[PDB]
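Just the one chain here, the form deposited in one PDB entry, laid out as structure tokens.
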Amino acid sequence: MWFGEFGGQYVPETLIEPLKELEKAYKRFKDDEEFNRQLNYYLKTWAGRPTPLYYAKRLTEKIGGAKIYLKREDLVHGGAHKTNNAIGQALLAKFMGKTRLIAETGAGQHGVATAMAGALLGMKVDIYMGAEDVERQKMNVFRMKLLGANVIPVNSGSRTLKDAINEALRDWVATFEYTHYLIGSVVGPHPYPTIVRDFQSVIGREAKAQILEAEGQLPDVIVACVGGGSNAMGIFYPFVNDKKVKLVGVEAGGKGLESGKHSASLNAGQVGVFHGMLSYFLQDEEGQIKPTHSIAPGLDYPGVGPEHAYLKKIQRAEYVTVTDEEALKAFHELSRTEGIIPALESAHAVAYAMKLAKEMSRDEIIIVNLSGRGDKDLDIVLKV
């Protein structure tokens, strides 16, 4: 439940029953032979795992320092690592006898991954999304409908993510007998931060075997962007006990940390309670979740998962920030130099790895988690 002092289950009493049932089901199935056979079957034949580990030779030669490798999550079905968790949890729900998935979504990217997994597995899908966010992300709303999901605009309160979370929780209280609440990052009350990390750990397990095959040794550094923290935990987790492997999470610097238009919760936030967890949040003087900004839609989440708060505390991972401008430069540079258009989220990680590689020697190795592809971001990059 706890990662040092971070995590917990800060929920109304009514949710203790569904969370207990979910934890018991997860304990039973997580190492079950049949459950894992079906999960591996869907990951392989539907999602296209394993994803390759790509040596960005041109980008490496240009910078003239460490070798940069890219873990190609951009190639998973849907174009984002989110799929790995959507499948795992949707299948877990099916094994629990659930017939319905619900989820909240801010950018709509988790909404899409949940819709896709629900369609795959023949489940009903209802997605809660703040009305202001429905307005900003019309193509993701269309995608979800195309995939058979029902998008429910949340018109109450602030009409944003926090209002969608509350409606999702309220729904789940009433419908948990047949409905699974599918959380999209390493956030939420226990057991979700653990479950999501476990379903993303395939990223790091593949990358470890791939880098040993390619180079005969572990990486010197692994760099991943951090929203809620799921792609970063997924690639980090299998290396945590490899003491010499440096781990770097990259948060959204937005328009600058001084500008207050960012989403760097670890760097600039404070300890607080939200979404049923004790972790770091960007929140105002009155304890309310405060406005966040990134050019990358998926880095708008106002907090960060408790396992990252813990990793920062014990100094096992370092956490840095990259601005909108630096992420944009990296988005262009990767496209031109390697013919890979990255997600703006992932471009934050590419940006930082480019700075880091320059200092390091040529025999050293950086793996960047390329968490998604940038087709989704073409509109806004063209606008800006």
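Counting begins at 1, following the sequence as shown. So that the term is clear: the rigid core is the largest set of C-alpha atoms that superpose within 1.5 Å between two forms.
Below: the form deposited in another entry, not depicted.
Considering 288, 175, 99, 217, one residue stands apart with a C-alpha shift of at least 2 Å between the shown form and the other one following superposition on the core, and it is 288. If you fit the rigid core between the shown form and the other one, you'll see the Cα of residue 87 move by less than 2 angstroms.
Core-superposed comparison between the shown form and the other one: CA of residue 246 displaced by less than 2 Å. Core-superposed comparison between the shown form and the other one: CA of residue 131 displaced by 2 Å or more.
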